[PDB]
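Encoded as structure tokens, the following chain is the form deposited in one PDB entry, with no partner shown.
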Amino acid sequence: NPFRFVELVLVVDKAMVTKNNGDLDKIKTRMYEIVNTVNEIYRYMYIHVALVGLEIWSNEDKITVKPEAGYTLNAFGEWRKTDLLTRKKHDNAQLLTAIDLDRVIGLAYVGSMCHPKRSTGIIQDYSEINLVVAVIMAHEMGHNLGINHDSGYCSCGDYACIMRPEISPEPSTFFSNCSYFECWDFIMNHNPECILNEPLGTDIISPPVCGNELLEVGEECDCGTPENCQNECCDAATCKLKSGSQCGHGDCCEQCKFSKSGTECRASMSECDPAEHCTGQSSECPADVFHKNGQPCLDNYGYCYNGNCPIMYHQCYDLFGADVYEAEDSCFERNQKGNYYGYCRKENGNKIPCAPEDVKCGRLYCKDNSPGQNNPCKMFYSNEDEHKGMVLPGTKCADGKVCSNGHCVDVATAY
């Protein structure tokens, strides 16, 4: 499955309530439709958007909604991280305000999808035309998905695309080819892990809609509209499986049927990750099971850590390729410097040096056994992502010891 899922939560401020004369039912109904249109707009981007939560501040705003966008975006962000996200798990949150923002009609951090605070954006109820607001909502989520404004020859047909500097009076539902590549460039490089999981029917607060491509409660299947449906198992028009079909979706659903009992549905990462197999009775693949952390693995060279067996040797290979091995102990003393590359961990942004003991849990050093090479302490550093090149957590840093937050500690007390 190529599709990504953005579990969204919409927050509506007091102004919005006052604007709608206190009719919450009207507000909710409209929000449902808008998020449904945002989901269509994103079909092209191989992304789905589901409303998992809707909070209406009918009594009092939980933050001060100022016409000064920056202040509001920031305030709304902190609020999501310290309050909302603490009682409702979601990937992105948008604030719909009826207040007349200064100069802009929306605002959102860029390339911040999944970040507890920066995975947000504010939107002004600029118009009564649902599509107009939906486009603004999508546009702001776009910035979140590392997407920037269109320019030059970026197109989406002879239509005003979603990522234009300013909203069009005759808006469309199409993204520009630039927004596409840009969007996925973000998902490829940075890894918004939080949008991988497919939301569960019950997680969706919006009334189920047949044909929105979101398998929702009460529906056997949902392959979009009859025109877009590519599912031989589903009857697009009704969201009912064809007579004779056992399933219509799932890692264990093959040509409208349950995969044969025992067919692998979730591959094994390593020996510490036992693969799962289909039962033959369901279209769903059994839960992901991991062997216990701390369990010896790879011929007693490592200890299991969250389904993997991180070891110096493999970690070096992943960085410099074959015929490359772990460097001598002496090389690891560079991690005591506490400089730009030789540290053990980071405190609020400061690089902390490795204490003599935790030396093997900081920056990883490898030896090159090629002719004339000469460099005994090869290492990798890129201010693009400082963590890359750092020893993976759970890596066996010593006999009976594993790495934990830049500390070489006893396995027995590690987990």
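Counting begins at 1, following the sequence as shown.
Peer 1: Higher average CA B factor in the deposited record is what I'm after, so tell me if that's 147-155 or 124-132.
Peer 2: That would be 147-155.
Peer 1: Higher average CA B factor in the deposited record is what I'm after, so tell me if that's 23-31 or 371-379.
Peer 2: The stretch with the larger average C-alpha B-factor is 371-379.
Peer 1: From 173, 270, 335, 259, pick the one with the largest CA B-factor in the entry?
Peer 2: Answer, based on the entry's C-alpha B-factors: 270.
Peer 1: Maximum C-alpha temperature factor per the entry, among 43, 363, 346, 388, belongs to which one?
Peer 2: In the PDB entry, the greatest C-alpha B-factor among 43, 363, 346, 388 is found at 346.
Peer 1: Please rank the C-alpha B-factors of the chain's modelled residues and tell me whether residue 192 sits in the lowest, middle or highest third.
Peer 2: According to the entry, residue 192 has a C-alpha B-factor in the chain's highest third.
Peer 1: Pull the Cα B-factor of residue 81 out of the PDB entry and bin it into the chain's lowest, middle or highest third.
Peer 2: It belongs to the highest third of the chain when residues are ordered by C-alpha B-factor.
Peer 1: Ranking every modelled residue in this chain by its Cα temperature factor as given in the entry, which third contains residue 94?
Peer 2: For residue 94, the deposited C-alpha B-factor lands in the lowest third.
Peer 1: Considering only modelled residues of the same chain, in which third does the CA B-factor of residue 72 rank: lowest, middle or highest?
Peer 2: Lowest third.
Peer 1: Taking the C-alpha B-factors as the PDB entry records them, is residue 111 in the lowest, middle or highest third of its chain?
Peer 2: It falls in the bottom third of the chain.
Omitted from view is the form deposited in another entry, to which the following refers.
Peer 1: Check whether residue 186 and residue 273 fall in the same rigid part when the chain is split into two rigid parts between the shown form and the other one.
Peer 2: In the comparison between the shown form and the other one, where the chain splits into two rigid parts, residue 186 and residue 273 end up apart.
Peer 1: Residue 184 and residue 390: do their C-alpha atoms lie closer or farther in the other entry than in the form you see, with a change of 3 Å or more?
Peer 2: Their C-alpha distance grows by at least 3 Å in the other entry.
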